[PDB]
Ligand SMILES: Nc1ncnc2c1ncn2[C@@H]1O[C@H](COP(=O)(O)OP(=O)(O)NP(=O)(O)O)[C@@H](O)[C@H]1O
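Shown next as structure tokens: one chain only, the form deposited without this ligand.
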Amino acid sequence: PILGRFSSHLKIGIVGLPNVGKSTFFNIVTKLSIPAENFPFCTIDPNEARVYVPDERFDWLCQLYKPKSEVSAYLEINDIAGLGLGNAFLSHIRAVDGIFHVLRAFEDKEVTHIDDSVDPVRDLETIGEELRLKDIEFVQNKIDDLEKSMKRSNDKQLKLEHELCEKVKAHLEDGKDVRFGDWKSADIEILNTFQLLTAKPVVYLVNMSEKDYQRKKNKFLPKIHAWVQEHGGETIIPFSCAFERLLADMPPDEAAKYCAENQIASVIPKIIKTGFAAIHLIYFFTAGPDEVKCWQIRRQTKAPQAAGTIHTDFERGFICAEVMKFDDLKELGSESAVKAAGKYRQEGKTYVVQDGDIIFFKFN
């Protein structure tokens, strides 16, 4: 029972102040994004992107079956707005399910009188407090709506929600983000009706010089690390926009030579995989001579709901899911070797699909 909304169609937003590399980062992303014509029913705006999730298990499967269709899962990313105050900012961030938080950890080479006041911890404290204040406001309006409803109705559901809202208001007002509260399952169920800003999981991307990234050291990182440790312990990923930009503009062979020469590598794939996982998406594979494909689902999704994302009938007349975990295929070498070990399963409607499961659905 998790904080988040009940959907496979979840998104991560990019958040940061101006001149931190947020726009350079999104531009790198936008190069790696799927042409919108692949999604005729969907609207990809200029500030949005869908980028393939890299996966070595998928590649292994492709290498084995040599399918006529190779399809990857995607991460939907939205570059957010203007800078937790503006109406437009709120509407765009309330629409995503997680936050790529871009922090600046480099100074300018330009020796000028203009003070670029580089302080990522201060920037963290600012945004945090701003997102909390707007949540304190959201819950306060729900309390007023609720005690309006309690003049009319004597229903206890109202009071349970009112008293919860009170605890959240105290939690938030004590400078604490909703996602690090200790909430019993029913309270999580209620909170999920709100989709409060501070309930959204975050991944910190600390942008720094190619020099710092390469040597794996940065003067701001230790104070950022220590602060995150007191404020949620969520993933911190150091990176250099400038290097990643430089790198994306090359062809693969040049990029490979540059990486060898300079003793350095891209972290973009990891950033993508990490954002995908942080917003609670996973996927199963289908796999055979026709196709190998990553079907994204919210984690905790059961086999019938999963089958439906391929075809409605697979769900409507669900019989079972034939599933062998990817690790068993890899470890033994083939579908038969899996079957002989008794590791090819017939799974029922209660089964919770696991990341990497390779599923062949049966129906009607």
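When you see a residue number, it is the position in the sequence shown, counting from 1.
Although not depicted, the form solved in complex with this ligand is the subject of the following passage.
Checking 290-298, 277-285, 234-242, 131-139 against this ligand in the deposited bound form, the stretch whose residues place heavy atoms within 4.5 Å of it is 234-242. Listed residues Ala73, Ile268, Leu146, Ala81 were compared with this ligand in the deposited bound form; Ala81 is the one with a heavy atom within 4.5 Å. Taking non-hydrogen atoms only, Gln354 never approaches this ligand to within 4.5 angstroms in the deposited bound form. Contact annotation for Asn19: at least one heavy atom lies within 4.5 Å of this ligand in the deposited bound form.
Using a 4.5 Å cutoff between non-hydrogen atoms, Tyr204 does not count as a contact of this ligand in the deposited bound form. When this ligand is considered in the deposited bound form, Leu196 lies well away from it, no heavy atom lying within 4.5 Å.
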